[PDB]
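Structure file coords.txt (compact mmCIF, C-alpha atoms) follows.
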# COMPACT_ATOMS: atom_id res chain seq x y z
CA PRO F 51 81.92 301.62 77.26
CA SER F 52 80.18 302.21 73.88
CA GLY F 53 76.46 302.93 74.31
CA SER F 54 76.67 301.52 77.85
CA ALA F 55 76.47 302.95 81.41
CA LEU F 56 78.31 301.97 84.61
CA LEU F 57 76.91 301.98 88.19
CA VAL F 58 79.86 301.94 90.64
CA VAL F 59 78.63 301.37 94.23
CA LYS F 60 80.02 304.06 96.54
CA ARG F 61 78.25 302.88 99.73
CA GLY F 62 77.26 299.28 100.37
CA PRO F 63 78.54 295.75 101.05
CA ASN F 64 79.46 295.36 97.35
CA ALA F 65 81.52 298.58 97.35
CA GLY F 66 83.28 299.26 94.04
CA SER F 67 81.12 296.73 92.11
CA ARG F 68 79.96 297.74 88.63
CA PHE F 69 76.65 297.13 86.87
CA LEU F 70 76.57 297.62 83.07
CA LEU F 71 73.40 299.22 81.60
CA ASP F 72 72.77 298.57 77.90
CA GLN F 73 69.30 296.88 77.84
CA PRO F 74 65.82 298.53 77.52
CA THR F 75 65.06 297.58 81.19
CA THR F 76 67.81 296.71 83.70
CA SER F 77 65.89 295.85 86.94
CA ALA F 78 67.25 296.49 90.50
CA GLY F 79 66.15 295.18 93.92
CA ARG F 80 66.20 292.46 96.60
CA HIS F 81 64.71 289.82 94.20
CA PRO F 82 67.30 287.25 93.04
CA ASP F 83 66.03 287.58 89.44
CA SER F 84 66.94 291.31 89.40
CA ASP F 85 69.89 292.26 87.16
CA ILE F 86 71.31 294.81 89.65
CA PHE F 87 71.02 292.68 92.79
CA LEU F 88 71.01 295.00 95.86
CA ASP F 89 70.60 293.07 99.14
CA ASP F 90 69.48 295.02 102.26
CA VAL F 91 66.47 295.42 104.61
CA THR F 92 65.97 299.03 103.37
CA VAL F 93 65.94 297.91 99.70
CA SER F 94 62.58 296.50 98.52
CA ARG F 95 62.13 293.32 96.34
CA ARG F 96 61.60 295.47 93.21
CA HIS F 97 63.25 298.84 93.81
CA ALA F 98 63.93 300.59 90.44
CA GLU F 99 64.38 299.96 86.67
CA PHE F 100 67.15 301.48 84.55
CA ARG F 101 65.37 302.13 81.24
CA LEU F 102 67.47 303.06 78.18
CA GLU F 103 65.38 304.63 75.36
CA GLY F 104 67.29 305.78 72.30
CA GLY F 105 70.57 306.47 74.09
CA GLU F 106 68.78 308.06 77.03
CA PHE F 107 69.33 306.51 80.46
CA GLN F 108 66.55 307.08 83.02
CA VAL F 109 65.85 305.40 86.43
CA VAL F 110 62.20 304.83 87.51
CA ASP F 111 60.92 303.92 91.03
CA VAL F 112 58.77 300.85 90.27
CA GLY F 113 56.93 300.91 93.64
CA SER F 114 59.54 300.60 96.39
CA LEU F 115 58.92 301.51 100.03
CA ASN F 116 62.15 303.50 100.53
CA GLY F 117 61.96 305.17 97.06
CA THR F 118 64.85 306.38 94.90
CA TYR F 119 66.84 309.59 95.62
CA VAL F 120 68.68 310.91 92.54
CA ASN F 121 71.33 313.45 93.80
CA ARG F 122 69.76 313.11 97.29
CA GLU F 123 66.38 314.13 95.78
CA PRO F 124 63.35 311.84 95.94
CA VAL F 125 62.16 311.12 92.39
CA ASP F 126 59.62 308.79 90.74
CA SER F 127 61.36 308.98 87.31
CA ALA F 128 64.51 310.93 86.47
CA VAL F 129 66.67 311.15 83.33
CA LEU F 130 70.24 310.25 84.32
CA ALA F 131 73.39 312.17 83.43
CA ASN F 132 77.13 311.42 84.08
CA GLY F 133 77.59 312.33 87.75
CA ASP F 134 74.15 311.58 89.27
CA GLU F 135 73.89 309.70 92.59
CA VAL F 136 70.98 307.25 92.48
CA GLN F 137 70.22 305.98 95.97
CA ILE F 138 68.34 302.74 96.62
CA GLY F 139 67.92 302.44 100.39
CA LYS F 140 71.38 302.42 102.02
CA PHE F 141 73.05 301.70 98.60
CA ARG F 142 74.75 304.80 97.18
CA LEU F 143 75.53 304.40 93.46
CA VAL F 144 77.46 306.69 91.05
CA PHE F 145 76.51 307.13 87.34
CA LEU F 146 79.04 306.78 84.47
CA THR F 147 78.47 307.40 80.69
CA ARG A 728 74.60 310.49 126.71
CA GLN A 729 76.80 312.58 124.39
CA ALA A 730 76.09 315.82 126.29
CA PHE A 731 76.47 314.73 129.95
CA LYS A 732 78.21 311.29 129.73
CA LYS A 733 75.56 309.73 132.00
CA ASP A 734 73.57 306.45 131.66
CA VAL A 735 70.02 306.85 130.19
CA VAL A 736 67.13 304.35 130.58
CA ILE A 737 64.35 303.78 128.02
CA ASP A 738 61.46 301.66 129.40
CA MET A 739 59.71 300.14 126.35
CA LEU A 740 56.25 299.01 127.46
CA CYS A 741 55.08 296.28 125.12
CA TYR A 742 53.51 292.75 125.45
CA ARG A 743 54.68 289.14 125.22
CA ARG A 744 52.69 287.42 122.46
CA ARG A 745 53.25 283.73 123.40
CA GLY A 746 54.50 281.74 126.44
CA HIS A 747 57.92 280.09 126.94
CA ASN A 748 57.17 276.93 124.88
CA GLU A 749 54.98 275.79 121.94
CA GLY A 750 52.50 274.14 124.33
CA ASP A 751 52.53 276.97 126.89
CA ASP A 752 49.30 279.00 127.40
CA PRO A 753 50.19 281.40 130.26
CA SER A 754 46.44 282.31 130.36
CA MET A 755 46.39 279.75 133.29
CA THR A 756 48.32 282.29 135.45
CA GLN A 757 47.37 285.63 133.78
CA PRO A 758 44.01 285.25 132.01
CA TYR A 759 43.10 288.96 131.93
CA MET A 760 46.51 289.98 130.53
CA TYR A 761 46.50 287.35 127.80
CA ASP A 762 42.81 288.05 126.96
CA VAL A 763 43.88 291.57 125.89
CA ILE A 764 46.93 290.36 123.90
CA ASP A 765 44.57 287.90 122.07
CA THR A 766 42.72 290.88 120.55
CA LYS A 767 45.86 292.97 119.86
CA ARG A 768 47.23 293.97 116.45
CA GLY A 769 50.88 293.70 115.38
CA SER A 770 52.94 296.87 116.11
CA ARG A 771 53.86 296.97 112.36
CA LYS A 772 50.38 296.48 110.86
CA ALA A 773 48.73 298.88 113.33
CA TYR A 774 51.30 301.61 112.50
CA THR A 775 50.57 300.98 108.77
CA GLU A 776 46.87 301.81 109.25
CA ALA A 777 47.74 304.90 111.33
CA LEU A 778 49.83 306.38 108.50
CA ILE A 779 46.91 305.86 106.04
CA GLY A 780 44.32 307.26 108.49
CA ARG A 781 46.38 310.36 109.23
CA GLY A 782 46.89 311.03 105.48
CA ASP A 783 50.68 310.52 105.78
CA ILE A 784 50.64 307.77 103.10
CA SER A 785 48.28 306.77 100.22
CA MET A 786 47.07 303.35 98.95
CA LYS A 787 49.96 303.39 96.42
CA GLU A 788 52.37 303.88 99.38
CA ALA A 789 50.37 301.07 101.19
CA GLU A 790 51.22 298.81 98.22
CA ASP A 791 54.92 299.89 98.30
CA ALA A 792 55.00 298.80 101.98
CA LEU A 793 52.93 295.62 101.53
CA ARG A 794 55.07 294.47 98.59
CA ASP A 795 58.20 295.17 100.72
CA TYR A 796 56.73 292.97 103.52
CA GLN A 797 56.27 289.99 101.16
CA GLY A 798 59.56 290.77 99.39
CA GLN A 799 61.46 290.46 102.67
CA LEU A 800 59.37 287.45 103.94
CA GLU A 801 60.00 285.42 100.75
CA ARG A 802 63.67 286.62 100.82
CA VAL A 803 64.55 284.64 104.01
CA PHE A 804 62.22 281.63 103.37
CA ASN A 805 63.75 280.92 99.96
CA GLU A 806 67.37 281.68 100.99
CA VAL A 807 67.04 279.14 103.85
CA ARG A 808 65.28 276.48 101.70
CA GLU A 809 68.17 276.76 99.18
CA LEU A 810 70.96 276.78 101.82
CA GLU A 811 69.39 273.67 103.49
CA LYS A 812 69.82 271.54 100.31
CA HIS A 813 73.54 272.54 100.19
CA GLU A 814 74.39 270.76 103.48
CA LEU A 831 109.60 282.07 125.03
CA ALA A 832 112.09 284.08 127.24
CA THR A 833 110.57 284.59 130.71
CA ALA A 834 113.61 286.44 132.16
CA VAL A 835 115.22 289.92 131.99
CA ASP A 836 118.80 291.19 132.56
CA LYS A 837 119.84 292.81 135.88
CA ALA A 838 120.05 296.29 134.24
CA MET A 839 116.24 296.16 133.63
CA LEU A 840 115.73 295.30 137.34
CA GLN A 841 118.00 298.25 138.29
CA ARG A 842 115.80 300.59 136.19
CA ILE A 843 112.66 299.47 138.16
CA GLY A 844 114.61 299.70 141.47
CA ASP A 845 115.56 303.31 140.67
CA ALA A 846 112.00 304.30 139.58
CA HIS A 847 110.90 303.99 143.24
CA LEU A 848 113.34 306.86 144.07
CA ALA A 849 112.70 308.91 140.86
CA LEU A 850 110.26 311.12 142.83
CA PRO A 851 109.04 314.40 141.29
CA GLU A 852 110.56 317.76 142.28
CA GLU T 12 41.14 305.23 107.14
CA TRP T 13 38.95 304.14 104.18
CA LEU T 14 40.34 300.86 102.71
CA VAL T 15 41.02 299.60 106.32
CA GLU T 16 37.24 298.59 106.32
CA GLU T 17 36.22 299.02 102.64
CA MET T 18 38.62 296.60 100.88
CA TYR T 19 38.13 294.11 103.78
CA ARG T 20 34.55 293.45 102.41
CA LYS T 21 35.75 293.49 98.73
CA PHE T 22 38.25 290.63 99.64
CA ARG T 23 36.18 288.54 102.13
CA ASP T 24 33.15 288.33 99.76
CA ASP T 25 35.21 288.32 96.51
CA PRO T 26 39.02 287.84 96.89
CA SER T 27 39.59 288.44 93.13
CA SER T 28 38.46 292.14 93.39
CA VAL T 29 41.11 293.07 96.00
CA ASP T 30 44.76 293.11 94.81
CA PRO T 31 46.64 289.81 95.44
CA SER T 32 49.22 291.70 97.57
CA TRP T 33 46.56 292.79 100.19
CA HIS T 34 45.57 289.14 101.01
CA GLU T 35 48.62 288.83 103.36
CA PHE T 36 47.38 291.87 105.36
CA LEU T 37 43.55 291.71 105.33
CA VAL T 38 43.50 288.14 106.83
CA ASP T 39 45.46 289.35 109.93
CA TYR T 40 42.84 292.22 110.49
CA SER T 41 39.86 290.09 111.65

Would you encode the structure as structure tokens?
Amino acid sequence: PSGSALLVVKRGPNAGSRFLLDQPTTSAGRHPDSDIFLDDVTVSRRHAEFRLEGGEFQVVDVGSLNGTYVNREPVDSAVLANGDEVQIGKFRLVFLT
Amino acid sequence: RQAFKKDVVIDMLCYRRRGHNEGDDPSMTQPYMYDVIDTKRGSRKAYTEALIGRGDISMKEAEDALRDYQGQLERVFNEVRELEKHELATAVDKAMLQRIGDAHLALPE
Amino acid sequence: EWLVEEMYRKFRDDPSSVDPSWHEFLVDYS
């Protein structure tokens, strides 16, 4: 829990699953090599990257077709806070810090 | 359907791209029909150009969609290539019968 | 609208100029 973030999946096949963010770039998408592997037809190969810069979590849309809705709001880059709802296609994810 | 609880029919007019076999060229029977389909564009790629032409999407959004096309095409080709390498009491008492025999005379008021 | 015809000539004459992601889209155009 120290200096790390949790991404508990609210809606999706892997419901309840947790992804731990503590690296400078924690990738997410339909590509097998992505850290946060999200498999769905809505989700693009490279959907978003969870960048941590000096204890500051922030998700950035790296060029996905369905984009990324933080708190049901389409964003290109948004600084994340405890309680945000980052959406990647059909995958609803909650933010914990 | 939710408002009137009645069947609804949607006639989707499209085209059949190929015959009913790998070596089937139905241009023997319908040459005019298949001459048109020869020069047709895919209902996904044509819609992609329409969104750019109408100003609905940009060339960055055209890259987001084109990367998603390859990202989903590679997705199934590689998943399949990897998964290929890994290969009693049948009777009642008379009181039950007497309940059914009385139900025929248990007429409403 | 514009790159439906414009980048088709930048890829057919010189495929290095057009982005490597548009090669699996410009071939199916003509």

CA of residue 98 (chain F) to CA of residue 138 (chain F) measures 7.9 Å

Chain F contacts to chain A at 6 Å (all atoms listed in the file) as a PyMOL selection string
chain F and resi 94-95+113-115

For the point (66.9, 305.3, 73.4) in file coordinates, what residues are within 12 Å, counting all atoms listed in the file? Give the answer as JSON, numbers by chain?
{"F": [53, 54, 72, 73, 74, 75, 100, 101, 102, 103, 104, 105, 106, 107, 108, 129]}

Between CA of residue 112 (chain F) and CA of residue 133 (chain F), what is the distance, to one decimal in Å?
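Computing the Euclidean distance for CA of residue 112 (chain F) and CA of residue 133 (chain F) yields 22.2 Å.
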
Ranking A:847, A:768, A:812, A:837 by minimum distance to chain T and counting all atoms listed in the file, which one comes first?
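Closest residue, counting all atoms listed in the file: A:768.
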
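Across the structure, CA of residue 773 (chain A) and CA of residue 41 (chain T) are spaced 12.6 Å apart.
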
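In terms of minimum interatomic distance to residue 35 (chain T), A:772 ranks closest within A:743, A:728, A:772, A:813, counting only C-alpha atoms.
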
Counting only C-alpha atoms, a student should be able to say which residues of chain T come within 8 Å of chain A; what is the right answer, written as a PyMOL selection string?
chain T and resi 12-13+15+32-33+36+40

Just the residues within 10 Å of residue 34 (chain T), please, counting only C-alpha atoms, with nothing from its chain fewer than 6 positions along; format it as a VMD selection string.
(chain A and resid 793) or (chain T and resid 19 22 to 23 26 to 27)

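Applying the 7 Å criterion to (67.4, 301.4, 99.4) in file coordinates and using all atoms listed in the file, one obtains the residues residues 92, 93, 94, 116, 137, 138, 139, 140 and 141 of chain F.
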
Please provide the set of residues having any atom within 10 Å of residue 84 (chain F), restricted to only C-alpha atoms, with same-chain residues fewer than 3 positions apart removed, written as JSON, numbers by chain.
{"F": [76, 77, 78, 79, 80, 81, 87, 88, 95, 96, 97, 98, 99]}

With only C-alpha atoms as the atoms that count, which of A:741, A:834, A:730, A:810 lies nearest to residue 770 (chain A)?
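With only C-alpha atoms as the atom set, the closest residue is A:741.
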